[PDB]
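Trainee: Here's a structure for you.
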Amino acid sequence: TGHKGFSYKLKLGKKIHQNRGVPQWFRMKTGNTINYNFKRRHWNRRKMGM
Amino acid sequence: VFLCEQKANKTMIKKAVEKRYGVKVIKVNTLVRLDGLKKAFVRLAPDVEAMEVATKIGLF
Amino acid sequence: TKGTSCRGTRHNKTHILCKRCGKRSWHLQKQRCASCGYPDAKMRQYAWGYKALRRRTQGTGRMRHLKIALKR
Amino acid sequence: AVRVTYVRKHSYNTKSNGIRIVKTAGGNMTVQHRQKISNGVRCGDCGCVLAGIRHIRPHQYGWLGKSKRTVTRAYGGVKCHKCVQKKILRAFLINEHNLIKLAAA
Amino acid sequence: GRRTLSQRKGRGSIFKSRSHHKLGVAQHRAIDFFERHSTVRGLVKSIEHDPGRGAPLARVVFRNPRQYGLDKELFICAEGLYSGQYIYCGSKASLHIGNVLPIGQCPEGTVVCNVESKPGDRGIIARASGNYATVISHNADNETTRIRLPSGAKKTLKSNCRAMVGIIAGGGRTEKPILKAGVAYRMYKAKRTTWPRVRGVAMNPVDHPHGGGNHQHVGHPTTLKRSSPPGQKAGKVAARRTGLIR
RNA sequence: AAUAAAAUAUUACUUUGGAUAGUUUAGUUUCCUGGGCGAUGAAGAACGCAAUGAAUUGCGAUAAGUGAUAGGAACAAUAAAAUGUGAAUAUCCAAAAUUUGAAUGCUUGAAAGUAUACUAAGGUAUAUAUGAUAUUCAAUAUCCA
RNA sequence: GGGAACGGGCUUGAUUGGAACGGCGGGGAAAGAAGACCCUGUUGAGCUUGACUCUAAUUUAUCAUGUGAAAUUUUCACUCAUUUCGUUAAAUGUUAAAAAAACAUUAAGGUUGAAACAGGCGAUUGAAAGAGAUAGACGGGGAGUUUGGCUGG
RNA sequence: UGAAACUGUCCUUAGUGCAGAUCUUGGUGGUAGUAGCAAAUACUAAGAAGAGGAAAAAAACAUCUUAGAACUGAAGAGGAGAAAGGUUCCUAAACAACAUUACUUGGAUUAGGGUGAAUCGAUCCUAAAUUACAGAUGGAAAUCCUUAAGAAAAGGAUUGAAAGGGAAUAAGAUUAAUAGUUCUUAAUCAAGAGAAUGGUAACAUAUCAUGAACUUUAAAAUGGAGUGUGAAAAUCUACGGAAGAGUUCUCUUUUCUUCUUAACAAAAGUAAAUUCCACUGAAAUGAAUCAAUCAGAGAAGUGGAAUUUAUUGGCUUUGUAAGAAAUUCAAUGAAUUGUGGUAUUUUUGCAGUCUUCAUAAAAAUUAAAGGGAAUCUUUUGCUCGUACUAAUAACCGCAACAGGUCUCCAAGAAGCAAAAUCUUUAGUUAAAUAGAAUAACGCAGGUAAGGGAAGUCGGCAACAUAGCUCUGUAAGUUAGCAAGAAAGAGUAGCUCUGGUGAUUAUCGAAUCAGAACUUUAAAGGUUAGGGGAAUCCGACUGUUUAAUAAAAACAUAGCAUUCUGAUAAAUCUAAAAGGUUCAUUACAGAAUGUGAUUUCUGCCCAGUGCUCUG
RNA sequence: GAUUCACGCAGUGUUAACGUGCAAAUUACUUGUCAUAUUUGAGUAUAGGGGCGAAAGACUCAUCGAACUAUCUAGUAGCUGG
């Protein structure tokens, strides 16, 4: 909604912050298997239930 | 336009800006961004030029 | 109209996040958490819920202060 | 015909959400928030609206001049002028009767 | 089977009284010295309509006899009372309509309403619209009087119970025939949820003991003992007679 | 009667798929030693902190780490700086330890908050039950001038 | 034709050039679904009822020690547990001494002004009622269960 | 082929040999380049960018600009919010995957940017309801109680509304995106800091002109219908112009666009309605409305007072404030911004009338009274929400699903009409792909010779009547209806005539009636009742098996029966100073049968129930 | 609690479309209805031998002649398949 509580907005901001990918430099480390963030979601693909 | 801690109010932000930079503040407007940082809009007294304060800070 | 049509009016939350367990199990009208048993002092645990016990219990978190004590 | 929108975030035509469409420069129509209709004072006895006191909100009498919220008369602002005349006659006539009834009848 | 609607009524979930716009509790003022050894004068400020009851209620205003201020009561209007009237309550009150007197100071054959069944309990009997009780006899031996209740029953009370002289207003309320289902719907605006009453025979065997088979009928006698358990107590309880009277 | 486009059959090579074989920083079971939490605030939850991080890991406004004691030359994806005048690393140690949570001044929904006292801001204390001591009281409850 | 008595395959015949396009609804006893009618099973569930066995609620008698009398054990009189109520626990008890929709308060050392005392705040019920235990009755309101076999279905 | 482990013999051990279990898990065929990619009227031309319209017509070509043609049609496919979503918002780069073709497009990928409040809300108050300490109950978990039980809280604790109540902000401009929030200008509110006159009277005086404890009154704060009317805005229209645009070989002194103004305050001029005050006393009864309604506890008349009318004081006007903004012209600078209406709609008040076995919230908070205790300038205004969609693509339905989801503003024509139909401002031309051919069988919309239900279980389906005006209208009936019964006549265009008012001849209202003439003889483009005679059921309005039954079923008013004096009846709970009807009291509460009105309810108490004063 | 039209709503008929659908109940026309026994938002109350029902055994999150979920439980099967 337009109106939201203070704590609820910060938990909304963190969900925005965690919807990012692996930085390129992290992918060039030796013996690295993490290429994509499998905890990714999109607004029109999955609702985050909060 | 500064970025401050969310746990600071317009009264403490106004005092801190004056103390840190030796200027006069007549108006503070704040908004809390989605990430968590509190963006503050600080307007300085008419006899203080804000453009020269920016060069001293480092924006120019 | 018990199927597709009746789902359009579902825009009112029943549960929201709980302060003690962080899950969306706080019943707004019952004023209690379906998962962690809020304001009730004891945590809500049952013997038939053995999987529920292995999901949230001791050792499932950081153990900020107990990890030093038992190591000591 | 220029169509307008609610300025505030209220979206329902409640009593407190009354609006008036006025015209402004260039043919633009803006939205004004209009006040509710209040009631005036009433006589404590006959329940008739008193004269000389405006019908405004209770907090607005604080902004009123000290002489614009009461009438210069005994029981002014709480009783009609007819409500007070009968009060005086009752106070006097009954006391007169009690002087001849008791006290050496 | 299920629980019959009579059982569900005792829980009080949707059957609670719709008492939100009600004026208050209609009763006499609390008994004190001035009501036991003197008289208090009350002024009938207004007559008002209490939702959910047929009789009007009077806002009487007594002065406080022990402190400085007022004392606002809420009486049931006797038929005849008007605004600005003075009413007197106490052991020495006159026998006028609207005055509250102990039941022992009223002559035989007098008519009282809002009688106290036990002294100081502020009115129990004869409170509905048009109803009244008549004083039958006194007994100075044990200070008890007999009154006739509006149902024809005779009751003995202590002689110091208070009562208001007269008839409760709003008489003839139930003589006007309701005509529309809508009007009966509006009758229970300030009452309980009981109006549209489904016949038990029209129900199913689970819901009611009358829930019949291929023909709508009861199948067993509808007169039951008083000791029937709740759930099967439907019909007529402890009935000594039935049929039409001649 | 006729052809081999389609159809069918076998082998080789390629393809789709991931069986089989080799392998294990993962489990299962038994046994041995303990069984060492919390109002000095636990377990749990949330939020935040890395030069470039989203998760995870470690940590708490002193932040992927501080002091001290051992330790002896590294780290690395890419840069920087510091470094035998002591880098990585380890610890039953010291300092520090955000919001909550039994959660405990009061309120708490996703609520933003807030009162008093002590020592403008900041920090402490104030829940309920309860043992002991001190102290101020209440009851003609028992006497009694 | 025979066959499990209505074959695409078997036997004997009729007949056949390989690949197919648009239609169509005869067949494939076409697809959808461990038949829902019927029967069997010592498989159930809803509902009914003096089916059997029970049970909540209701009811009745006895026990559970208030005093003081009187009769032949109910029958009474008090209150003292007890029941049900009312207020701001606001004059209880005993002595002394309907003419008027108005106002009514902070009184002219410390006691009167505004009387004293009771070991009861004021009524109500009352040793009965209620709850407990035991015993009889009632109790589809409710619980559990059963409702043989053979049989030209 | 493969590149680091493995084999034979004898004993011992076993999670030891698979074609089936609608077996489990995974992978893959025929079907099959098949069924499909067909609701929402629709796109075409030139240019730009791009690898991406080529060519023996390969007949189609995404995005952007211009032109043409269109659709939603203002109860919208417009402009904004509440819940829900959560970064979907904006910009740039970029197109592997995704949006049943493709995409340079995107609600898709990557990376940055964006949400500013003393006045808007939350915060404050209480409503239905909800939860604590102590107490009561329970074997227990825990339940009860919410002011009653308390050495607790002048009086009763916590929570409960972004639609209820509430101190105070408006106009213009500005951003790629925020704006009653920023900027300019102009205000407001709260908290502060520096024992009076006048009027007959109703009542009146930029603070004025003292007013404690205590008490009272009022406001916040209260249904609906319908009628009349004041005012504003919008639409329409009259007079007078200014500026610009369209048409112009056929005419048109013509058609079209602009001519504006805020919060807060002032008081030249001037309204409607209601209630009171003074003089006088009404009958030959007057006064007044659309309707009513009122009068010797006093009408009408005259003269006054008060309140309401979207901020001060309703409208015009004024400060604000023309310096803004709109329309033009020139290359920043110049021009203008009258007055009306006995028209319609909306909004907003007001006035009385009707209606209820319905009477249609409370608190925070404020003012006044009774009483007589006492003797202009300046400072501050904290915390949180604020982006975006709000839906034929941002929400819920597995999705860019023809389903569902609460509101605000609302133009012209035409008509009784917010109806169907067409257009203006705004939005969009894409919203699961096209091109060619024009077979059968289909889905949707139609027509038909003669006959006219002969079809069929059945006039199912379709056809048919249809607006308005006038005449006329049966049996039956609860006397209200049936009734728009049935039936018959008229209706167009053009040119005229009369009626219905206001001010003292001019001005205006669409409405009714009438007359000649002409024609394709006229409601019918759209919208728009088939009718009659009977029988059965239910009396009626109403409700019902979400998803095969909408009915004769349920309800209903009416009739009737039973119990109950309230410490009761019914009845929830394991229990309970526990709970519901009950803020109650027989005209009431509880439990049942029948089903409006009219008429009538016959006989039976043996059986089973129930009851008894035996 | 009169007759109708409209914004809406429902679901009488076609037993039309569709029936591996736009849709796990929808579409088109027709019909009925379209303010007082009316429609509707948010808040709040009622919970499984329970609730709620103008009564269809209807509704209680696509689940109802007894919801959903986990445990007893690898319930038992003289029956069926391997």
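By convention here, the chains of the structure tokens are called A, B, ... in the order presented, each chain's residues are numbered starting at 1, and ligands are numbered starting at 1 in the order presented.
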Can you list every residue in chain C that DSSP puts in strand (DSSP E or B), as a PyMOL selection string?

Mentor: chain C and resi 15-16+26-27+32-33

Trainee: Kindly save the residues from that selection, with N, CA, C and O atoms included, as a short mmCIF file (atom, residue, chain, number, x, y, z; two decimals), in the first residue's frame.

Mentor:
data_model
loop_
_atom_site.label_atom_id
_atom_site.label_comp_id
_atom_site.auth_asym_id
_atom_site.auth_seq_id
_atom_site.Cartn_x
_atom_site.Cartn_y
_atom_site.Cartn_z
N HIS C 15 -3.13 -13.04 8.59
CA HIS C 15 -1.91 -13.15 9.38
C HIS C 15 -0.91 -12.10 8.91
O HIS C 15 -0.85 -11.76 7.73
N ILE C 16 -0.12 -11.59 9.85
CA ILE C 16 1.02 -10.73 9.56
C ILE C 16 2.23 -11.26 10.33
O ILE C 16 2.14 -12.24 11.06
N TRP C 26 1.00 -14.27 12.72
CA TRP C 26 0.32 -13.52 13.76
C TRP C 26 -1.12 -13.27 13.33
O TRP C 26 -1.36 -12.50 12.40
N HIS C 27 -2.07 -13.90 14.01
CA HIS C 27 -3.48 -13.73 13.67
C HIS C 27 -3.97 -12.38 14.18
O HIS C 27 -3.89 -12.10 15.38
N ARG C 32 -2.87 -13.76 18.46
CA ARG C 32 -1.91 -14.77 18.86
C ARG C 32 -1.25 -15.33 17.62
O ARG C 32 -1.81 -15.27 16.52
N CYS C 33 -0.04 -15.86 17.79
CA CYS C 33 0.72 -16.39 16.67
C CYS C 33 0.46 -17.88 16.52
O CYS C 33 0.61 -18.64 17.47
#

Trainee: Given a cut-off of 8 Å, which residues of chain H touch chain A, counting only C-alpha atoms (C1' of nucleotides), written out as a PDB file with N, CA and C atoms (P, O5', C5', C4', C3', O3' and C1' of nucleotides), in the first residue's frame?

Mentor:
ATOM      1  P     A H  83      -4.641   1.652   2.132  1.00  0.00           P
ATOM      2  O5'   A H  83      -5.189   0.218   1.717  1.00  0.00           O
ATOM      3  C5'   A H  83      -5.679  -0.677   2.701  1.00  0.00           C
ATOM      4  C4'   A H  83      -6.315  -1.899   2.094  1.00  0.00           C
ATOM      5  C3'   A H  83      -5.378  -2.999   1.635  1.00  0.00           C
ATOM      6  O3'   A H  83      -4.923  -3.802   2.705  1.00  0.00           O
ATOM      7  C1'   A H  83      -7.059  -2.642   0.010  1.00  0.00           C
ATOM      8  P     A H  84      -3.419  -4.356   2.728  1.00  0.00           P
ATOM      9  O5'   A H  84      -3.236  -5.049   1.307  1.00  0.00           O
ATOM     10  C5'   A H  84      -3.696  -6.373   1.083  1.00  0.00           C
ATOM     11  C4'   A H  84      -3.525  -6.787  -0.357  1.00  0.00           C
ATOM     12  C3'   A H  84      -2.109  -6.766  -0.897  1.00  0.00           C
ATOM     13  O3'   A H  84      -1.337  -7.885  -0.514  1.00  0.00           O
ATOM     14  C1'   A H  84      -3.511  -5.692  -2.427  1.00  0.00           C
ATOM     15  P     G H  85       0.227  -7.694  -0.231  1.00  0.00           P
ATOM     16  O5'   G H  85       0.843  -7.388  -1.664  1.00  0.00           O
ATOM     17  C5'   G H  85       0.773  -8.338  -2.715  1.00  0.00           C
ATOM     18  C4'   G H  85       1.241  -7.745  -4.020  1.00  0.00           C
ATOM     19  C3'   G H  85       2.691  -7.301  -4.068  1.00  0.00           C
ATOM     20  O3'   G H  85       3.579  -8.376  -4.315  1.00  0.00           O
ATOM     21  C1'   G H  85       1.309  -5.632  -5.012  1.00  0.00           C
ATOM     22  P     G H  86       4.834  -8.631  -3.352  1.00  0.00           P
ATOM     23  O5'   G H  86       5.822  -7.435  -3.693  1.00  0.00           O
ATOM     24  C5'   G H  86       6.095  -7.080  -5.041  1.00  0.00           C
ATOM     25  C4'   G H  86       6.783  -5.745  -5.137  1.00  0.00           C
ATOM     26  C3'   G H  86       8.088  -5.622  -4.350  1.00  0.00           C
ATOM     27  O3'   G H  86       9.026  -4.872  -5.106  1.00  0.00           O
ATOM     28  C1'   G H  86       6.623  -3.889  -3.733  1.00  0.00           C
ATOM     29  P     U H  87      10.295  -5.600  -5.753  1.00  0.00           P
ATOM     30  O5'   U H  87      10.774  -4.574  -6.863  1.00  0.00           O
ATOM     31  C5'   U H  87       9.861  -4.091  -7.834  1.00  0.00           C
ATOM     32  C4'   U H  87      10.261  -2.732  -8.343  1.00  0.00           C
ATOM     33  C3'   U H  87      11.753  -2.419  -8.302  1.00  0.00           C
ATOM     34  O3'   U H  87      12.104  -1.660  -9.458  1.00  0.00           O
ATOM     35  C1'   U H  87      10.564  -0.780  -7.095  1.00  0.00           C
ATOM     36  P     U H  88      12.002  -2.312 -10.922  1.00  0.00           P
ATOM     37  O5'   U H  88      10.480  -2.109 -11.336  1.00  0.00           O
ATOM     38  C5'   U H  88      10.028  -2.473 -12.628  1.00  0.00           C
ATOM     39  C4'   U H  88       8.537  -2.694 -12.661  1.00  0.00           C
ATOM     40  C3'   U H  88       7.665  -1.465 -12.818  1.00  0.00           C
ATOM     41  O3'   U H  88       7.598  -1.016 -14.158  1.00  0.00           O
ATOM     42  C1'   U H  88       6.738  -2.936 -11.202  1.00  0.00           C
ATOM     43  P     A H 162      -8.620   2.885   9.175  1.00  0.00           P
ATOM     44  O5'   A H 162      -7.485   4.000   9.138  1.00  0.00           O
ATOM     45  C5'   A H 162      -7.808   5.375   9.285  1.00  0.00           C
ATOM     46  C4'   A H 162      -7.231   6.224   8.179  1.00  0.00           C
ATOM     47  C3'   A H 162      -7.505   5.746   6.754  1.00  0.00           C
ATOM     48  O3'   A H 162      -7.687   6.886   5.916  1.00  0.00           O
ATOM     49  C1'   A H 162      -5.188   5.954   7.076  1.00  0.00           C
ATOM     50  P     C H 384      11.569   9.708  11.109  1.00  0.00           P
ATOM     51  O5'   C H 384      10.276   8.898  10.676  1.00  0.00           O
ATOM     52  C5'   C H 384      10.201   7.498  10.885  1.00  0.00           C
ATOM     53  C4'   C H 384       8.819   6.974  10.603  1.00  0.00           C
ATOM     54  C3'   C H 384       8.311   7.168   9.188  1.00  0.00           C
ATOM     55  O3'   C H 384       8.817   6.212   8.279  1.00  0.00           O
ATOM     56  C1'   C H 384       6.637   7.811  10.710  1.00  0.00           C
ATOM     57  P     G H 385       8.833   6.531   6.709  1.00  0.00           P
ATOM     58  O5'   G H 385       7.299   6.511   6.299  1.00  0.00           O
ATOM     59  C5'   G H 385       6.609   5.290   6.078  1.00  0.00           C
ATOM     60  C4'   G H 385       5.349   5.529   5.292  1.00  0.00           C
ATOM     61  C3'   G H 385       5.540   6.293   3.995  1.00  0.00           C
ATOM     62  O3'   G H 385       5.890   5.441   2.923  1.00  0.00           O
ATOM     63  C1'   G H 385       3.783   7.270   5.231  1.00  0.00           C
ATOM     64  P     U H 386       7.014   5.880   1.873  1.00  0.00           P
ATOM     65  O5'   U H 386       6.242   6.822   0.853  1.00  0.00           O
ATOM     66  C5'   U H 386       4.901   6.548   0.474  1.00  0.00           C
ATOM     67  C4'   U H 386       4.177   7.806   0.074  1.00  0.00           C
ATOM     68  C3'   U H 386       4.792   8.558  -1.105  1.00  0.00           C
ATOM     69  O3'   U H 386       3.755   9.092  -1.922  1.00  0.00           O
ATOM     70  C1'   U H 386       4.621  10.000   0.752  1.00  0.00           C
ATOM     71  P     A H 394      -3.570  -6.205 -14.805  1.00  0.00           P
ATOM     72  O5'   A H 394      -2.522  -6.136 -13.612  1.00  0.00           O
ATOM     73  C5'   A H 394      -1.380  -5.297 -13.713  1.00  0.00           C
ATOM     74  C4'   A H 394      -0.302  -5.660 -12.725  1.00  0.00           C
ATOM     75  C3'   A H 394      -0.615  -5.309 -11.278  1.00  0.00           C
ATOM     76  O3'   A H 394       0.134  -6.157 -10.407  1.00  0.00           O
ATOM     77  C1'   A H 394       1.171  -3.967 -12.046  1.00  0.00           C
TER      78        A H 394
END

Trainee: Fewer than 5 positions away in the same chain doesn't count, so skip those; otherwise give me all residues within 8 Å of residue 31 in chain B, counting only C-alpha atoms (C1' of nucleotides), as a PDB file with N, CA, C and O atoms (P, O5', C5', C4', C3', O3' and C1' of nucleotides), in the first residue's frame.

Mentor:
ATOM      1  N   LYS B  38      18.624   7.857   5.904  1.00  0.00           N
ATOM      2  CA  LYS B  38      17.766   9.026   6.028  1.00  0.00           C
ATOM      3  C   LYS B  38      18.394  10.177   5.254  1.00  0.00           C
ATOM      4  O   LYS B  38      19.384  10.764   5.698  1.00  0.00           O
ATOM      5  N   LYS B  39      17.822  10.494   4.098  1.00  0.00           N
ATOM      6  CA  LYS B  39      18.302  11.603   3.292  1.00  0.00           C
ATOM      7  C   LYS B  39      17.772  12.912   3.851  1.00  0.00           C
ATOM      8  O   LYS B  39      16.567  13.054   4.075  1.00  0.00           O
ATOM      9  N   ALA B  40      18.666  13.871   4.069  1.00  0.00           N
ATOM     10  CA  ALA B  40      18.324  15.148   4.677  1.00  0.00           C
ATOM     11  C   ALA B  40      18.568  16.268   3.681  1.00  0.00           C
ATOM     12  O   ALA B  40      19.621  16.312   3.040  1.00  0.00           O
TER      13      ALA B  40
ATOM     14  P     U H 115      13.742  12.059  -3.861  1.00  0.00           P
ATOM     15  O5'   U H 115      12.325  11.571  -3.340  1.00  0.00           O
ATOM     16  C5'   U H 115      11.129  12.017  -3.963  1.00  0.00           C
ATOM     17  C4'   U H 115       9.909  11.500  -3.249  1.00  0.00           C
ATOM     18  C3'   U H 115      10.027  11.422  -1.730  1.00  0.00           C
ATOM     19  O3'   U H 115       8.757  11.715  -1.151  1.00  0.00           O
ATOM     20  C1'   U H 115       9.510   9.297  -2.584  1.00  0.00           C
ATOM     21  P     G H 116       8.297  13.232  -0.901  1.00  0.00           P
ATOM     22  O5'   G H 116       9.408  13.817   0.072  1.00  0.00           O
ATOM     23  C5'   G H 116       9.323  13.626   1.477  1.00  0.00           C
ATOM     24  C4'   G H 116      10.185  14.613   2.220  1.00  0.00           C
ATOM     25  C3'   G H 116       9.480  15.891   2.652  1.00  0.00           C
ATOM     26  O3'   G H 116      10.096  16.378   3.841  1.00  0.00           O
ATOM     27  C1'   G H 116      11.222  16.432   1.171  1.00  0.00           C
TER      28        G H 116
END

Trainee: Write down as a compact mmCIF listing (two decimals) with N, CA, C and O atoms, in the first residue's frame the residues belonging to chain B that are assigned alpha helix (DSSP H) by DSSP computed on the backbone.

Mentor:
# COMPACT_ATOMS: atom_id res chain seq x y z
N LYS B 10 15.45 15.97 12.90
CA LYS B 10 15.80 17.23 12.25
C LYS B 10 16.49 18.19 13.20
O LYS B 10 17.26 19.05 12.76
N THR B 11 16.23 18.06 14.50
CA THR B 11 16.87 18.96 15.46
C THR B 11 18.34 18.62 15.63
O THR B 11 19.19 19.52 15.65
N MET B 12 18.67 17.34 15.76
CA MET B 12 20.07 16.95 15.90
C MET B 12 20.82 17.09 14.59
O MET B 12 22.01 17.42 14.60
N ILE B 13 20.16 16.83 13.46
CA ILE B 13 20.79 17.01 12.16
C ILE B 13 21.15 18.47 11.95
O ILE B 13 22.23 18.80 11.44
N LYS B 14 20.24 19.38 12.31
CA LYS B 14 20.51 20.80 12.16
C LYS B 14 21.70 21.23 13.01
O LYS B 14 22.56 21.98 12.54
N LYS B 15 21.77 20.76 14.25
CA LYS B 15 22.90 21.10 15.10
C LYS B 15 24.19 20.51 14.57
O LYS B 15 25.23 21.17 14.58
N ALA B 16 24.15 19.26 14.09
CA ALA B 16 25.36 18.60 13.62
C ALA B 16 25.93 19.29 12.39
O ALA B 16 27.15 19.43 12.26
N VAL B 17 25.06 19.71 11.47
CA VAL B 17 25.53 20.37 10.25
C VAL B 17 26.21 21.69 10.59
O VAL B 17 27.24 22.04 10.01
N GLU B 18 25.63 22.45 11.52
CA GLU B 18 26.25 23.71 11.94
C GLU B 18 27.58 23.45 12.62
O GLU B 18 28.57 24.14 12.34
N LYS B 19 27.63 22.47 13.52
CA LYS B 19 28.86 22.19 14.25
C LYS B 19 29.96 21.69 13.33
O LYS B 19 31.12 22.11 13.46
N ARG B 20 29.62 20.81 12.38
CA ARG B 20 30.64 20.20 11.55
C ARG B 20 31.19 21.16 10.50
O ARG B 20 32.35 21.04 10.10
N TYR B 21 30.38 22.11 10.05
CA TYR B 21 30.76 22.98 8.95
C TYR B 21 30.76 24.46 9.30
O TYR B 21 31.15 25.28 8.46
N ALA B 50 25.84 28.36 -0.40
CA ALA B 50 25.98 26.92 -0.34
C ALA B 50 26.99 26.41 -1.37
O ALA B 50 27.61 25.36 -1.16
N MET B 51 27.15 27.13 -2.48
CA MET B 51 28.06 26.67 -3.52
C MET B 51 29.50 26.62 -3.03
O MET B 51 30.25 25.71 -3.40
N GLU B 52 29.91 27.58 -2.20
CA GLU B 52 31.28 27.57 -1.69
C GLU B 52 31.46 26.52 -0.61
O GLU B 52 32.58 26.02 -0.42
N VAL B 53 30.40 26.18 0.12
CA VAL B 53 30.50 25.10 1.10
C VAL B 53 30.70 23.76 0.40
O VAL B 53 31.41 22.89 0.91
N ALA B 54 30.09 23.58 -0.77
CA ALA B 54 30.25 22.33 -1.51
C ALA B 54 31.69 22.12 -1.95
O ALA B 54 32.21 21.01 -1.88
N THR B 55 32.34 23.19 -2.43
CA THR B 55 33.74 23.07 -2.84
C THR B 55 34.63 22.72 -1.65
O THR B 55 35.58 21.94 -1.78
N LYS B 56 34.36 23.32 -0.49
CA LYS B 56 35.12 23.00 0.71
C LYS B 56 34.91 21.54 1.12
O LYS B 56 35.86 20.86 1.53
N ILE B 57 33.67 21.06 1.04
CA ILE B 57 33.39 19.67 1.40
C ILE B 57 34.07 18.72 0.43
O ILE B 57 34.72 17.75 0.83

Trainee: Please determine the contact residues of chain H with respect to chain E at a cut-off of 7 Å, counting only C-alpha atoms (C1' of nucleotides), and supply them as a PyMOL selection string.

Mentor: chain H and resi 215+357-359+555-557+561-563+571-572+580+583+585-588+591-592+609-611

Trainee: Would you mind exporting C-alpha atoms (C1' of nucleotides) of the selected residues as a PDB file, in the first residue's frame?

Mentor:
ATOM      1  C1'   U H 215     -22.689  22.617  39.705  1.00  0.00           C
ATOM      2  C1'   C H 357     -44.822  -1.637  17.487  1.00  0.00           C
ATOM      3  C1'   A H 358     -37.794   1.448  13.336  1.00  0.00           C
ATOM      4  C1'   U H 359     -36.926   7.267  16.658  1.00  0.00           C
ATOM      5  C1'   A H 555     -40.390 -17.253   4.828  1.00  0.00           C
ATOM      6  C1'   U H 556     -44.445 -14.117   5.735  1.00  0.00           C
ATOM      7  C1'   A H 557     -48.546 -11.389   8.177  1.00  0.00           C
ATOM      8  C1'   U H 561     -51.582 -24.020  21.526  1.00  0.00           C
ATOM      9  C1'   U H 562     -47.944 -24.619  25.956  1.00  0.00           C
ATOM     10  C1'   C H 563     -44.977 -23.056  30.155  1.00  0.00           C
ATOM     11  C1'   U H 571     -30.354 -22.792  27.945  1.00  0.00           C
ATOM     12  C1'   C H 572     -24.212 -22.497  27.179  1.00  0.00           C
ATOM     13  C1'   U H 580     -27.277 -15.455  26.806  1.00  0.00           C
ATOM     14  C1'   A H 583     -30.233  -1.787  29.605  1.00  0.00           C
ATOM     15  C1'   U H 585     -40.843  -8.131  33.558  1.00  0.00           C
ATOM     16  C1'   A H 586     -46.951 -11.186  31.214  1.00  0.00           C
ATOM     17  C1'   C H 587     -49.288  -5.765  25.683  1.00  0.00           C
ATOM     18  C1'   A H 588     -43.009  -9.928  28.494  1.00  0.00           C
ATOM     19  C1'   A H 591     -41.192 -23.584  22.922  1.00  0.00           C
ATOM     20  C1'   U H 592     -44.360 -25.105  18.705  1.00  0.00           C
ATOM     21  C1'   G H 609     -48.220 -39.340  25.334  1.00  0.00           C
ATOM     22  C1'   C H 610     -48.832 -35.068  28.880  1.00  0.00           C
ATOM     23  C1'   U H 611     -51.244 -33.499  33.441  1.00  0.00           C
TER      24        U H 611
END

Trainee: Report the distance between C1' of residue 48 in chain F and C1' of residue 98 in chain F in Å, rounded to one decimal place.

Mentor: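 The value is 7.6 Å.
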
Trainee: So which residues touch residue 43 in chain G within 12 Å, counting only C-alpha atoms (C1' of nucleotides), skipping near sequence neighbours fewer than 3 positions away, as a list in words?

Mentor: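 Final neighbour list, sorted by chain and number: residues 40 of chain G; 76, 77, 78 and 79 of chain I.
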
Trainee: Those same residues - C-alpha atoms (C1' of nucleotides) - I'd like them written as a PDB file, in the first residue's frame.

Mentor:
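Wrote it out as selection_10.pdb, contents follow:
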ATOM      1  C1'   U G  40     -21.193 -60.977  -1.653  1.00  0.00           C
TER       2        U G  40
ATOM      3  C1'   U I  76      -7.177 -54.133   9.384  1.00  0.00           C
ATOM      4  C1'   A I  77      -8.451 -56.935   5.067  1.00  0.00           C
ATOM      5  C1'   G I  78     -11.175 -64.622   4.709  1.00  0.00           C
ATOM      6  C1'   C I  79     -10.817 -59.573  -0.965  1.00  0.00           C
TER       7        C I  79
END
